[PDB]
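So the structure is just underneath, and the comments pick up after that.
Just so it is clear, none of the values below were taken in a lab; they were calculated from the coordinates. In this analysis, Cβ positions are derived from the backbone assuming ideal geometry, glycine residues included, and neighbour counts consider all displayed protein chains.
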Amino acid sequence: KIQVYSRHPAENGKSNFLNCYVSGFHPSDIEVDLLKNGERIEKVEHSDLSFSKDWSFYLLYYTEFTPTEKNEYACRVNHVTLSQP
Amino acid sequence: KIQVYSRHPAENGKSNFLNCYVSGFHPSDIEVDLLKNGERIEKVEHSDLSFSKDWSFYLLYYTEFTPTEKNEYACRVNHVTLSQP
Amino acid sequence: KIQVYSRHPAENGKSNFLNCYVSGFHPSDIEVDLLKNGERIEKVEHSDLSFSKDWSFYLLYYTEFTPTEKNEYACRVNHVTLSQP
Amino acid sequence: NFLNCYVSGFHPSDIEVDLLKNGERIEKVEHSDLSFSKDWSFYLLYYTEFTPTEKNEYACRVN
Amino acid sequence: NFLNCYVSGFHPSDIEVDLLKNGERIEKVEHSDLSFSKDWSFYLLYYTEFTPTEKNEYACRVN
Amino acid sequence: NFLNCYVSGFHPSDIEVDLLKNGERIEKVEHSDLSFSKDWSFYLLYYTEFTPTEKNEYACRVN
């Protein structure tokens, strides 16, 4: 019963990693405006500019929150497993 | 019972990784406006510009949230497994 | 019962890692404005500019929050496991 | 008497790359990519048996 | 009497890379990329048996 | 009598990289990237048997 794992690669050249895992709320490049350029305007009343009310990554009610997770968030993962019972 | 894993690649040249995993709420390049350029406007009343109300990645009610996940979020994954019972 | 793990790679070239794991609330490049440039405006009344009310990463009510997680957040993970019962 | 006996390699000239040279009243400029090049490598070899034999005489005369 | 007996390598000239040279009333400039190059490597070898044999005579005369 | 008997290596000239040279009334400038280069390596070798044999005569005369 002989198991042999041999790994000798030759990686020639630089390696670049960027934004390997992006999640959640992340909008970008958004513009909300009213009367950006206005002249000879008599009255401006009851203006309501709203982007959001409440930010809650977890919002639970009477919840049995029971996750069992084994995750690997990375850029370069090397998950090697040998088993010889 | 002999199992041999040999891996010696020659990777010639640079490697580039970008935005390997993107999820969730991420809209971009959005414009909401009213009267961008206006003149000789007497009254502007009851303006309502709304983008969103509530941001909640998890919103549960009387929920039995029980996931069992084994995930691998990455850019380059090397998942090698040898088994010799 | 002989199990041998041999790993002698030759990584030639620099390695760069940036933003390996980004999550949560992180919007960027957002502009909310009213009357950016205005002239000869008599009255400006009842202006309401709101971005958000409450920031709460965890907001629970009568919740049995019981997660069992074994996660690995990194840029370069080397998870090697040998088992020989 | 401009003379070039031997000119080689990367030598570009008289190049103009421009974006919005003379512009006015521009609202947004997002994600502009103005890159001339990435990597400069004269001898880039991989597992190469580089065995050149040369006997060159660079003799350009001017009178 | 401009004379070049042997010119090699990376030598670009007369290059102008510009973005919004003469601009007015600009609101946003986001994520501009103006990079001339990344890496400068004259001899970049990997497992290379570099064995050049050269007997060159660079003799450019001016009278 | 400008004479170059042997010129090599990285020698660029007359390069102008500019962003918003003459600008007015600009609100935001975010994440600008103006990098000429990263690494300067003349001899960058990996496991290389570097064995050059050269007998060169650089003899450029001026009278």
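Points worth noting:
- Set side by side, the residues B:13, B:38 differ, and just one is under 30 Å from residue C:27 (Cβ atoms) and touching a strand residue (DSSP E or B) at 6+ places or on another chain (Cβ under 8 Å), which is B:38.
- Pairs where the first residue, in the stretch E:27-41, is under 13 Å from residue F:30 (Cα atoms) and the second is among the polar types (S, T, N, Q) and surrounded by fewer than 19 Cβ atoms within 10 Å (Cβ to Cβ), C-beta under 7 Å, 6+ apart: E:32/D:32; E:32/F:32; E:33/D:32; E:33/D:35
- Looking across the stretch F:52-62, the residues that are surrounded by 11 or more Cβ atoms within 10 Å (Cβ to Cβ) and over 25 Å from the mean Cα position of the chain (by Cα) come down to F:59, F:61, F:62.
- Test: residue E:30 is surrounded by fewer than 18 Cβ atoms within 10 Å (Cβ to Cβ) and either facing chain F (nearest Cβ under 7 Å) or over 26 Å from the mean Cα position of the chain (by Cα) (or both): no
- Scanning the stretch E:1-53 for residues that are assigned to a loop (DSSP other than H, G, I, E, B) and among the β-branched types (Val, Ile, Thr) returns E:48, E:51.
- Residue in the stretch E:6-23 that is more than 30 Å from residue C:29 (Cα to Cα), facing chain F (nearest Cβ under 7 Å) and either among the basic types (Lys, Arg) or in contact with a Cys (Cβ under 8 Å, 6 or more places away or on another chain) (or both) present: yes
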